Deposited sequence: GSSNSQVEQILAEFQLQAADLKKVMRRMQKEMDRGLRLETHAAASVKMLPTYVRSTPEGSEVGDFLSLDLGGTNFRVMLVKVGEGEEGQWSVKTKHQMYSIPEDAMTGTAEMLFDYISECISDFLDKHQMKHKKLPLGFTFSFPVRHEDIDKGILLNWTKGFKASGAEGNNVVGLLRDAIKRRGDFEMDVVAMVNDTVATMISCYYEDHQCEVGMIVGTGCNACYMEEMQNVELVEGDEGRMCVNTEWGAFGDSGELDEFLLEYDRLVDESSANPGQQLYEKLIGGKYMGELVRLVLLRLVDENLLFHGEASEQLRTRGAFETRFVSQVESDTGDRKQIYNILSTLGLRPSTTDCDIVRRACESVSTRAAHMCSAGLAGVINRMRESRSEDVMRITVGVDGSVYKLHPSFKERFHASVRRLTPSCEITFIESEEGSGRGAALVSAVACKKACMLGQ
């Protein structure tokens, strides 16, 4: 146990580590905003064309598509005035591997089939509506309804997409199918969508964050600081793409053996390193690799590992969450037996410690990110204590039994001059795309 706890201790980050990360994130943000350094910035600070504007939208029905993982969502969002009301209906769709690792057209054809299914099941296929698209990958926006995919993240691979107008890809697929018509009026990031949906509930919400399969944030920047887009008046949402923080070496002093290994076998070696420390795509696999380290030292399972624990990806991140949901070891035993293992009573405690060590580092790394954003915003204003609302969506955050609590407390220590309200978005990644579309249509 002695030696377990010092192998596990490599995952600790001191206050001083977290402040260093925070400040470096603030300097990368700043690099990404300036024309002189934008092109070489690891933290891209992408203009979204979502602006501060008087409250209100068109009234009516709006479709939303939300693509950001293997599971995706179609939504019908009805905006009405009394005063305002928003009601939603959704369906979920799972994308087969074939459709994610083939061509862009195969991917967008599958998407359009699903839209078709949604419209059938809501007896509205004869209707032509405005559609907002939540598309959760790095995009260079040229307008609210136009954007070029820079690169796939989170293991997506469809060919023929990178470098192309993602909105064009959707619209072409819709037309190929010829079974329905929609006006694609807006495409946004999931961070952005989450923030808009949250703003609707709370006007102080000016940051969106995702801690899901990937990890990213967006926030409202002053237009004079957004040098890529002409104008000094008002604010525009910037999609930080903070996932790529570290991709210029900024994190090198913190990366562990397990981190290099996750990166090397990932779909995108050398990219999204910050996100690899945090996102649900990778947390379960980090844990897996730590559990193997403790085995090949004969500190775990008497040094015998199962077939499935030697198998990349078999420690799914939902396991990490379930482990930590356990004190009778029932939750831990039920995940471990699943894996072809026979834990002692001590192993169960060891696996729960390992989960904790990875999941805690994630919450801590993530808090430094968000603190960076929130402190920068405070500094750009007339704030003694800044009260701000953050919209947060993602499965790590919503479902991980203690990640959230750990994240909040770490965030608060790094932001001792702000009071932060975190709003857990029920379906903001999807609803927000509809609401942005409604605002866009009001033109």
Numbering the deposited sequence from 1, which residue ranges have no coordinates here? 1 to 3, 86 to 88, 333, 451 to 456
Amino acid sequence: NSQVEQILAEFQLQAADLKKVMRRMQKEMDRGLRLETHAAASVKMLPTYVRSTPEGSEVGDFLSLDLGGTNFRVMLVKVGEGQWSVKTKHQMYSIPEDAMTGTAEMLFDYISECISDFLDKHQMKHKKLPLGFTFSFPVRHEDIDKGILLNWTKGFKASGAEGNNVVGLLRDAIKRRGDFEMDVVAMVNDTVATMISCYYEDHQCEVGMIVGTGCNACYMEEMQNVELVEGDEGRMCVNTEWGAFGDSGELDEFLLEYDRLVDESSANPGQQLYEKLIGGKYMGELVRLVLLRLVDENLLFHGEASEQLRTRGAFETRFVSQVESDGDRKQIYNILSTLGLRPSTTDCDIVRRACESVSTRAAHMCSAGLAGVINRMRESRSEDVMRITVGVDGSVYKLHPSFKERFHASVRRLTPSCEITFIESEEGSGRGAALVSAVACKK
From here on, numbers count along this sequence of modelled residues.
I need to verify one thing: averaged over C-alpha atoms only, is the B-factor higher for 130 to 138 or for 342 to 350? 342 to 350
With B-factors read from the PDB entry, the higher C-alpha mean of 280 to 288 and 208 to 216 is in 280 to 288
Hey, out of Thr191, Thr103, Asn298, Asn165, whose CA B-factor is highest in the deposited coordinates? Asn298
Identity of residue with top Cα B-factor, from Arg171, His203, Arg310, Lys121: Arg310
If you rank the chain by CA B-factor, which third does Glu383 end up in: lowest, middle or highest? highest
Chain-relative CA temperature factor third for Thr389: middle
Which third, lowest, middle or highest, does the CA B-factor of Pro47 fall in along this chain? lowest
Sort the modelled residues of this chain by their C-alpha B factor and say whether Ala434 lands in the lowest, middle or highest third. lowest
Consider only the C-alpha atoms of the modelled residues in this chain, order them by B-factor as the entry records it, and name the third containing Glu233: lowest, middle or highest. highest
